[PDB]
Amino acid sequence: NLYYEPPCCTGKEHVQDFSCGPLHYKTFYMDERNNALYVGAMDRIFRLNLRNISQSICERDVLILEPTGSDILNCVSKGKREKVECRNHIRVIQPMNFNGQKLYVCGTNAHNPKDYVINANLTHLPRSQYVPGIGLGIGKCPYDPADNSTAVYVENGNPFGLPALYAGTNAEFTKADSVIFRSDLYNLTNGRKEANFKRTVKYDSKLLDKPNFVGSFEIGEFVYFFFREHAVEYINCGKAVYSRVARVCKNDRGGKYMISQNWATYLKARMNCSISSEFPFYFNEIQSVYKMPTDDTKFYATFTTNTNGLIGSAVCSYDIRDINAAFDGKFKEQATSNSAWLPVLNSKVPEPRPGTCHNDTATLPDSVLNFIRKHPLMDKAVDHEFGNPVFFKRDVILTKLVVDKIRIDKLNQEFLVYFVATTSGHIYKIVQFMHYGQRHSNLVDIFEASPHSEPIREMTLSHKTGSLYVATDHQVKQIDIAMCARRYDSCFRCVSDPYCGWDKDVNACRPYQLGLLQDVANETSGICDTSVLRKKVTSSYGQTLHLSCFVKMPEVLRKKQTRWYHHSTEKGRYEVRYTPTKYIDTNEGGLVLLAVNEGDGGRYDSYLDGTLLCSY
């Protein structure tokens, strides 16, 4: 009996499951104050228990919202399969404050988007009660369930202080239309239409070119959108999908004359996630984006190269000041349909600067309006912090992600732990630290959060309960972000996790307290030299025995050299080289001793990349 780490996480409890059948789950809303996680699904919305999702009943904690038969016949007549496509897949769940806190919901609805307003307890509003501007989600949530959309319900900052839903999706049956859209401005008390809707210019591929959204948030006086689209400026050289960030002013009221339903402050910028060199290596396609609830200045996202050819993913981090810096910089421009994309001199920019917020945007001169009409793309690409990714890996496709922040004050240490999903269903546990003034990282653990054939559709994080939440097509799993005792039974693996520390007095890994052993940055190698598992064993002559450290090698460690050393009194200190018979090497870093004898006995140390793992 050697080192052994139990598998994770498919079958103290740290993994909780919930399932009412293959319901194509999607769309998260986490309310930490009420211990509820609202999860959308096909024709259903659930309200789960945040501390333990297994305590929710499929019948008591649900509110079915299946489409109407009139919309089903329309969808079948189009040519779409009625089994899943002509159903209602929820895509928007946002907090809404109308006569108290309620929920805003939106769904595909058999390729006919329709929104609702429901109470927190998953009960419809009184049928006699009317909802101003609700009933049709024409530009609020997509038609096709597979479409990547985004939205956020903003309360403050809009014109006249009214509420509205900023979103970005299709807004037509065919893929022709694609728009960043704001709903009609309604005063929900009196029900009067106080302002028309805002949307990107129709069929202007310079604004959006076959986009795929991954997230959207409200920060300061703006609303930001993260997505990937076809690179309009790369066309002269080839085909490429670039990642973009788009910014609009909350108080944007539109243009003049006939173009009042179009944005007066819409600007987008390419996002830079490359490796610093004379010839950078860009991860151009974004896959997801996460923001911490308490911090509105940092954004984390997953980027991938084109899924064809050689594949590589990467995680980049961006500051709000760097995003605003791109929107405050020069403007890209293509003079004619045959000109090259060149920057604009500051002398030609009209004032007020296009993109800057302004009460009543119709007051702006025709110069400013028509300038931003044909200059949506900023010349500068958004700079990623430190000029390099936080982590990257070859032949891996990374999707959703969630980031946590840890700080041990008495040692003055701050860590960032990234929980990145892979298309193979695994979650990468990646830590970030500062080693001698520079930023490095190290993949701590890899645990399976779903079978290979079941992708991860959505993922969120709860700092209060300290648990990770992953949604798939078949079920929803709750995973703790720290399983020190249940996972790490070795000092080697325990001291590398910032959540954990190795107690030498109880001989077990457990949550970190001051005084326990930990070295995440590997700045003090050999810390576990005294907590190493050493198992002296004398066996009979001739018979062959197996010396090993781990039962099965941990996933993140299998790609490290396992060098065995042997100190014998007659032979001395030397490194064991493998021979066809006596010295056999195992796939778990073990050492087999075929034909044991007198000269074999001695001190046996098993190093792993120059650091002791176990001894015999």
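Numbering starts at 1 and runs along the sequence shown.
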{"item": "Unresolved deposited residues lying between neighbours residue 11 and residue 12", "value": "10 or more"}
{"item": "Of 149-157 and 276-284, the stretch whose C-alpha atoms average the higher B-factor in the entry", "value": "149-157"}
{"item": "Residue stretch of maximal mean CA temperature factor, 550-558 vs 579-587", "value": "579-587"}
{"item": "Deposited CA B-factor, highest of 477, 405, 78, 202", "value": "78"}
{"item": "Highest-ranked of 95, 466, 350, 132 once sorted by CA temperature factor in the record", "value": "132"}
{"item": "Third assignment of residue 506 from its chain's C-alpha B-factors", "value": "middle"}
{"item": "Residue 418 CA temperature factor, ranked by third within the chain", "value": "lowest"}
{"item": "For residue 372, the third of its chain into which the C-alpha B factor falls", "value": "lowest"}
{"item": "Residue 472 - which third its CA temperature factor falls in, relative to the rest of the chain", "value": "middle"}
{"item": "Assigned third (lowest, middle, highest) for the C-alpha B factor of residue 143", "value": "middle"}
